[PDB]
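Notes follow once the structure below has been shown.
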Amino acid sequence: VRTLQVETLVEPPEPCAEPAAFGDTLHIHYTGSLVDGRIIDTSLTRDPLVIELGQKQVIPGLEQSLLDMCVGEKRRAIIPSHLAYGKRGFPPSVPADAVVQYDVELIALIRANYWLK
Amino acid sequence: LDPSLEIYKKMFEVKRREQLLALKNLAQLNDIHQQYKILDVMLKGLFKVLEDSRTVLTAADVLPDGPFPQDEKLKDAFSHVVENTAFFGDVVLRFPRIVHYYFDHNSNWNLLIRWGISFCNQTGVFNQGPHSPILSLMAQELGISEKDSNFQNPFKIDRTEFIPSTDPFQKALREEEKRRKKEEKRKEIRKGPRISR
Amino acid sequence: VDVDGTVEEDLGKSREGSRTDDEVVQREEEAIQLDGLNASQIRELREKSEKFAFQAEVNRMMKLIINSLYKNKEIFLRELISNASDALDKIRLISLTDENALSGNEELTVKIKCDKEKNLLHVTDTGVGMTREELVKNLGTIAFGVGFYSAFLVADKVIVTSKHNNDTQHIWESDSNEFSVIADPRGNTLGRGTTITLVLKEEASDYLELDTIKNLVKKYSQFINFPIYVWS
Amino acid sequence: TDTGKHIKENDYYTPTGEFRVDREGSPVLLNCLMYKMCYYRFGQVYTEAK
């Protein structure tokens, strides 16, 4: 896997009025795993992870996979090694040069409406 | 690694002495109710500081397995990430239940610490000295790394234990106590000549 | 935990009839008492004592975590003097077993000289001292050792003249890049002990101040058993 | 009433004039019938997690 692969698992319930874009604050649930099935980390039993798109708070492939995501949508991203943890890996949980898979659900999206602020 | 980084290893261990000294100091406190209140401040202050520290390192783009953090802005962040996380391991091991309630719930906190733990594990800081096991132990405790068969948190005891339905030792305590009560009664009767029924 | 279910408040309990007053303590605990101290007042007072102290614990932890220690490494003098007291303690212990331990310098004191003009700080102690081999091994290769090595936080280069009972006086000098050990030109000037000449950084000029060094000695080394002398 | 003269309100207070049920409470209060009935076996119960 040399390129980011993104698959839509669940379509959004209503037509996507506000697709995710850079700068938006996203609340997401995710499950990251290695290609062999070992779970790296999952947020499904926790509060949603809050990230701002463009701030490099998650691995590059995951941030790219969240672009244009819609509320209620679920995606699976297969992320090549150079867009995840690279040559260094993420010890003790992710070996070097590992391809990773993330299942993500967009729970809420807070771009603030300029009028609403 | 870098010679200054080697100096940092002495610096980090030096902080550990104060961190453990305080860790004992917190143990001296008795009330749990105060204990959680300060401990919660430990997590919020430490993790929020950690969030800034990771952002500082992210802007620096300095490899963990690399030359000693030199610029003071990143270098202090390196001190915060490694030193605070090491103290976080002590807090987690000493107070497993308290941290898990206030830490596991938040995904951001777990992810942020996970970045720090790998960041330390690539630097090699927890490879030498008496604090190198701390990185392995904390990851196992938090479930980031597989728990060893012999790895048991000494502090993680079940203080609730089980209802002391079996109290033969306490039954003996009851007997001896009532027995002393019985002995005094006889001694009272002794005195001298009493009246006769 | 054992059970769930927290009661609410009965905003309008008062109307209930033929029921006993469930608030005597609360009301009576605040009644103005002439020639007496109000119950509520005493309670508040102790609360201030206990609660205030508890806040201090947060204060202490806040500093330790939120600080940068090495950035604000004014403790470097504490580390340097603390070693000097420790070495004097070590030689004192050796002296009891062996008379020759104190032969070089019986007097156990620390002498501090400040040279602002040359950016140099000289700390002289009459402690156990160090041999040439120990200078290369202990000092040439670092490692806690932080007590001596804290000086580099505010100092670019450290010069150490050390004389131990088992060896002649030797000088170890390092700039943190390389270290050289040579026999002392002056010989056993100390007799025994170590004198450290510190090549301070530009930022460390304040430490060179006579008042600043004295303040640091009071701040961190006031409890040293051995007398401390500051150049004046 | 006349029969209850032995009962003095101050006896149930701490030396400082306080009504407390904790370790600092008056000895008479801790050993009175009502205190035992309410708190029998209640020590080992966890009312709150915190």
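Chains: A, B, ... in order of the structure tokens. Residues: from 1 per chain. Ligands: from 1, in order shown.
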Check your understanding: Hey, what's within 8 Å of residue 77 (chain B) if we count only C-alpha atoms and toss same-chain stuff fewer than 6 positions away? As a PyMOL selection string, please?
Key -> chain B and resi 52-54+56-57
**Study point:** Residue hits in chain D, query chain B, radius 12 Å, only C-alpha atoms, as JSON, numbers by chain
**Key:** {"D": [41, 44, 45, 46, 48, 49, 50]}
Those residues with N, CA and C atoms, as a PDB file, in the first residue's frame please?
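Dumped to selection.pdb:
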```pdb
ATOM      1  N   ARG D  41     -23.294  -1.081  61.194  1.00  0.00           N
ATOM      2  CA  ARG D  41     -22.793  -1.725  59.988  1.00  0.00           C
ATOM      3  C   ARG D  41     -22.645  -0.748  58.834  1.00  0.00           C
ATOM      4  N   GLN D  44     -18.669   0.335  56.757  1.00  0.00           N
ATOM      5  CA  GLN D  44     -18.023  -0.323  55.633  1.00  0.00           C
ATOM      6  C   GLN D  44     -18.719  -0.063  54.305  1.00  0.00           C
ATOM      7  N   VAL D  45     -19.823   0.672  54.308  1.00  0.00           N
ATOM      8  CA  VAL D  45     -20.568   0.961  53.088  1.00  0.00           C
ATOM      9  C   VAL D  45     -19.950   2.152  52.376  1.00  0.00           C
ATOM     10  N   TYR D  46     -19.797   2.048  51.059  1.00  0.00           N
ATOM     11  CA  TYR D  46     -19.296   3.166  50.261  1.00  0.00           C
ATOM     12  C   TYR D  46     -20.483   3.956  49.732  1.00  0.00           C
ATOM     13  N   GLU D  48     -20.195   7.066  48.433  1.00  0.00           N
ATOM     14  CA  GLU D  48     -19.749   7.785  47.250  1.00  0.00           C
ATOM     15  C   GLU D  48     -18.421   7.228  46.766  1.00  0.00           C
ATOM     16  N   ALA D  49     -18.233   7.264  45.446  1.00  0.00           N
ATOM     17  CA  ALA D  49     -16.967   6.830  44.867  1.00  0.00           C
ATOM     18  C   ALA D  49     -15.826   7.739  45.296  1.00  0.00           C
ATOM     19  N   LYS D  50     -16.107   9.023  45.452  1.00  0.00           N
ATOM     20  CA  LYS D  50     -15.110  10.049  45.707  1.00  0.00           C
ATOM     21  C   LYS D  50     -14.806  10.219  47.189  1.00  0.00           C
TER      22      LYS D  50
END
```
Practice item. List the neighbours of region 105-117 of chain A out to 8 Å using only C-alpha atoms; skip same-chain residues closer than 2 positions along the sequence, and give me the result as a PyMOL selection string. Key: chain A and resi 20+23-30+48+69-75+103
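Comparing D:35, D:40, D:19, D:12 by their smallest distance to chain C, the closest is D:19 (using only C-alpha atoms).
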Exercise for review: For residue 184 (chain C), please output as a list in words all residues within 12 Å (counting only C-alpha atoms; exclusion window: fewer than 3 positions along the same chain).
Suggested key: residues 131, 132, 159, 160, 161, 162, 163, 167, 168, 169, 170, 171, 172, 173, 180, 181, 187, 188, 189, 190, 191, 194 and 195 of chain C
Keeping only N, CA and C atoms, write the selected residues as an mmCIF file, in the first residue's frame.
```
data_model
loop_
_atom_site.group_PDB
_atom_site.id
_atom_site.type_symbol
_atom_site.label_atom_id
_atom_site.label_comp_id
_atom_site.auth_asym_id
_atom_site.auth_seq_id
_atom_site.Cartn_x
_atom_site.Cartn_y
_atom_site.Cartn_z
ATOM 1 N N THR C 131 41.956 12.158 42.869
ATOM 2 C CA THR C 131 43.216 11.772 42.256
ATOM 3 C C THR C 131 43.194 12.075 40.759
ATOM 4 N N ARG C 132 44.355 11.919 40.114
ATOM 5 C CA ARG C 132 44.412 12.098 38.666
ATOM 6 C C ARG C 132 43.545 11.075 37.945
ATOM 7 N N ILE C 159 36.881 24.474 35.352
ATOM 8 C CA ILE C 159 38.256 24.135 35.702
ATOM 9 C C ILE C 159 38.265 23.637 37.139
ATOM 10 N N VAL C 160 38.811 22.443 37.351
ATOM 11 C CA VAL C 160 38.846 21.807 38.661
ATOM 12 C C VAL C 160 40.292 21.506 39.023
ATOM 13 N N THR C 161 40.719 21.975 40.190
ATOM 14 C CA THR C 161 42.003 21.605 40.776
ATOM 15 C C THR C 161 41.700 20.735 41.989
ATOM 16 N N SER C 162 42.086 19.465 41.930
ATOM 17 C CA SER C 162 41.750 18.513 42.981
ATOM 18 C C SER C 162 43.008 17.806 43.464
ATOM 19 N N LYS C 163 43.173 17.737 44.783
ATOM 20 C CA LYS C 163 44.253 17.001 45.429
ATOM 21 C C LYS C 163 43.639 16.006 46.403
ATOM 22 N N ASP C 167 47.051 10.718 45.961
ATOM 23 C CA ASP C 167 47.703 11.183 44.744
ATOM 24 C C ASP C 167 48.085 12.648 44.897
ATOM 25 N N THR C 168 48.985 13.098 44.027
ATOM 26 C CA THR C 168 49.367 14.499 43.998
ATOM 27 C C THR C 168 48.258 15.333 43.359
ATOM 28 N N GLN C 169 48.362 16.647 43.526
ATOM 29 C CA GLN C 169 47.343 17.551 43.013
ATOM 30 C C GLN C 169 47.385 17.579 41.489
ATOM 31 N N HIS C 170 46.216 17.445 40.862
ATOM 32 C CA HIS C 170 46.082 17.488 39.412
ATOM 33 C C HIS C 170 44.912 18.393 39.056
ATOM 34 N N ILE C 171 44.971 18.990 37.868
ATOM 35 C CA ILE C 171 43.931 19.896 37.392
ATOM 36 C C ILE C 171 43.235 19.258 36.197
ATOM 37 N N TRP C 172 41.915 19.132 36.292
ATOM 38 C CA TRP C 172 41.063 18.651 35.213
ATOM 39 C C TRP C 172 40.275 19.835 34.669
ATOM 40 N N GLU C 173 40.385 20.083 33.368
ATOM 41 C CA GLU C 173 39.686 21.186 32.722
ATOM 42 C C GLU C 173 38.889 20.642 31.549
ATOM 43 N N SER C 180 41.023 17.638 29.649
ATOM 44 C CA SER C 180 42.455 17.406 29.781
ATOM 45 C C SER C 180 42.811 17.400 31.259
ATOM 46 N N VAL C 181 43.612 16.425 31.676
ATOM 47 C CA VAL C 181 44.115 16.347 33.042
ATOM 48 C C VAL C 181 45.635 16.410 32.998
ATOM 49 N N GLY C 187 51.557 22.506 42.432
ATOM 50 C CA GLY C 187 51.740 21.454 43.412
ATOM 51 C C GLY C 187 50.537 21.344 44.330
ATOM 52 N N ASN C 188 50.778 20.782 45.516
ATOM 53 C CA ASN C 188 49.716 20.566 46.499
ATOM 54 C C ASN C 188 49.470 21.866 47.268
ATOM 55 N N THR C 189 48.965 22.864 46.538
ATOM 56 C CA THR C 189 48.606 24.127 47.174
ATOM 57 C C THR C 189 47.459 23.930 48.156
ATOM 58 N N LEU C 190 46.448 23.154 47.759
ATOM 59 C CA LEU C 190 45.332 22.871 48.652
ATOM 60 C C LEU C 190 45.744 21.950 49.793
ATOM 61 N N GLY C 191 46.773 21.133 49.589
ATOM 62 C CA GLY C 191 47.078 20.063 50.517
ATOM 63 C C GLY C 191 46.141 18.903 50.258
ATOM 64 N N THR C 194 39.299 20.326 46.759
ATOM 65 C CA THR C 194 39.082 20.746 45.380
ATOM 66 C C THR C 194 38.714 22.222 45.315
ATOM 67 N N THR C 195 39.344 22.942 44.388
ATOM 68 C CA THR C 195 39.006 24.324 44.070
ATOM 69 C C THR C 195 38.537 24.365 42.623
#
```
Review point. Could you state the separation of CA of residue 143 (chain C) and CA of residue 178 (chain C) in Å, given to one decimal place?
Key: 15.3 Å
Practice item. Apply DSSP to the backbone of this structure and, from chain B, keep only the residues in alpha helix (DSSP H); write these as a PyMOL selection string. Key: chain B and resi 3-28+32-60+72-94+96-103+107-123+132-142+168-190
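In terms of minimum interatomic distance to chain C, D:16 ranks closest within D:5, D:16, D:34, D:25, counting only C-alpha atoms.
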